[PDB]
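Visitor: Can you read through this structure? Questions will come right after.
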Amino acid sequence: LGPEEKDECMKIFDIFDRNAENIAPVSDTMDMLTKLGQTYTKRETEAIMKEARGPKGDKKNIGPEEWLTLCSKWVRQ
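First residue of the sequence shown: 8, per the entry's author numbering; consecutive thereafter.
Set out below in structure tokens:
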């Protein structure tokens, strides 16, 4: 939270990346943006939560960088 939302978002990038997995899917973004904090705006961070997966969605998880860069984009810009 604050400027250290960067620490929090790489911290989820540690819990949901497991330890060495580096791929978090949409379901992980649900448990996240509910548990990791609580919620962000409402419909626009819904944009966060719905865009993480992808177009086909068979095995589209967001790995090393999208989850923090998206978290920095949505939080700080």
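C-beta atoms are modelled at their ideal positions from N, C-alpha and C, and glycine is treated no differently.
Between the beta-carbon of residue 22 and the beta-carbon of residue 74, is there less than 8 Å?
Guide: no
Visitor: Buried or exposed for residue 68, please, with buried defined as at least 16 other CB atoms from any protein chain shown within 10 angstroms of its CB.
Guide: Around the Cβ of residue 68, a 10 Å sphere holds 16 or more other Cβ atoms; the residue is buried.
Visitor: Excluding the 5 residues flanking residue 29 on each side, which residues of the same chain have their C-beta closer than 6 Å to its C-beta?
Guide: 70 and 71
Visitor: Name the DSSP beta bridge partners of residue 69, please?
Guide: 31
Visitor: Should residue 31 go down as buried or exposed, given a rule of 16 or more other Cβ atoms within 10 Å for buried?
Guide: buried
Visitor: Rounded to whole angstroms, what is the Cα-Cα separation between residue 46 and residue 40?
Guide: 5 Å
Visitor: Give the straight-line distance between the Cα atoms of residue 33 and residue 12, rounded to the nearest whole angstrom.
Guide: 20 Å
Visitor: Report the three-state DSSP secondary structure of residue 21 (helix, strand or coil).
Guide: helix
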